[PDB]
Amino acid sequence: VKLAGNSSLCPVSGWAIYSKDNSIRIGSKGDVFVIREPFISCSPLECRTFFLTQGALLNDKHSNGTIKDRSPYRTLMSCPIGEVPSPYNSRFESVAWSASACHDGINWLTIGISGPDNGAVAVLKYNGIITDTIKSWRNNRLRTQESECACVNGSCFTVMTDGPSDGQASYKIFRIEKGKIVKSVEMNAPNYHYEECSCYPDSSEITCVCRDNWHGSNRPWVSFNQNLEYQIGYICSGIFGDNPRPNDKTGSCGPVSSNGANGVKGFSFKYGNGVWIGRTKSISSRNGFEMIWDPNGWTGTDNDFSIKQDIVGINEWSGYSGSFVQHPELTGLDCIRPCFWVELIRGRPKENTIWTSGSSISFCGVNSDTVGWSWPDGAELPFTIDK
């Protein structure tokens, strides 16, 4: 039966660790895919990890030059959550250097973008069958979430971007049914910039927290209903959510220009005027990670907060992060549970290796007792392939 998506987010006081795959550590010997931009999504029966391979294994020569973002060798694959991404335990989804996926309760929808930078095509699959395609409309690296799409009442929603990553671009919202695009709309967002949206369902509507790679060290957001009637803005909190960023101070309801160039995929959960902010501990690089509750951070520019939970140490590598949800249909609860994953990036450019890859950790929001700590990657680089 199709996910209803009409309940609100569950109240959350803390985050319980959900999984950790130790990919890099194990790939030191085992047969583990070189990967990046992993993410988690759940069917009514299980939770899977999606990832973009580089068509190579760790500690092999073909892992060389994997700093590179796009190529014909990259593919979208998935394995069970907490398991290592291996050729022996991973299912093939699509050929892609950018992707999204989500389960509407009936079947898996996957979105895989491949092809040249000036004419990339997104292939939509429903239950493993090609159901639709969309070609670049600006001919400049058509790209998408790199996390799960959001499903409500039999429809799945995603956001896509085409154009410059350092200037005004084009952003479109899609409504998809049975892997078929049934409605789309371009966002009227002059001076905004959207990348790698983390979108989730909440009371029959979708909320996306994204990445301003242009000129915003705070995060941009889009919320829309099933008819794609949307609203835009930036998270107001003085607790800046992007990386790099400036030290915490007074925030803005518009793009915070200071340290606003570049960025990293992230997320956040809106509760009334309050916000759950996941972010790196460092303001300059992709190190550490922490969850921060600002009861007034969604609409207020104050730099205060009530709660702060450690996820990854300040001196440890982190990277991308994104949201995923567990619907009532899966949990048996009467509300949509917020979860999140973190990508722990190892290798280039920060380390002396020929390769770049990441492992993952994940947490779920609970109202019972929790605790901070540091669950880092834990691999020792360089590897033998790098010597």
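Numbers follow the displayed sequence, beginning with 1.
Legend: mean Cα B-factor per stretch from the PDB entry, 374-382 versus 15-23; the higher mean is in 374-382. Averaged over their C-alpha atoms, the temperature factors of 47-55 and 32-40 are higher for 32-40. Taking the deposited Cα B-factors for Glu343, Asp60, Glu329, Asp69, the highest one is held by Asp69.
Per the deposited coordinates, the residue with the largest Cα temperature factor out of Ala101, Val84, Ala169, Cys156 is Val84.
Among all modelled residues in its chain, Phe305 ranks in the highest third by Cα B-factor. Among all modelled residues in its chain, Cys208 ranks in the middle third by Cα B-factor. Among all modelled residues in its chain, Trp108 ranks in the lowest third by Cα B-factor. In the PDB entry, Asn287 places in the lowest third of its chain by CA B-factor. In the deposited entry, the Cα temperature factor of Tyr271 sits in the middle third of values across the chain's modelled residues.
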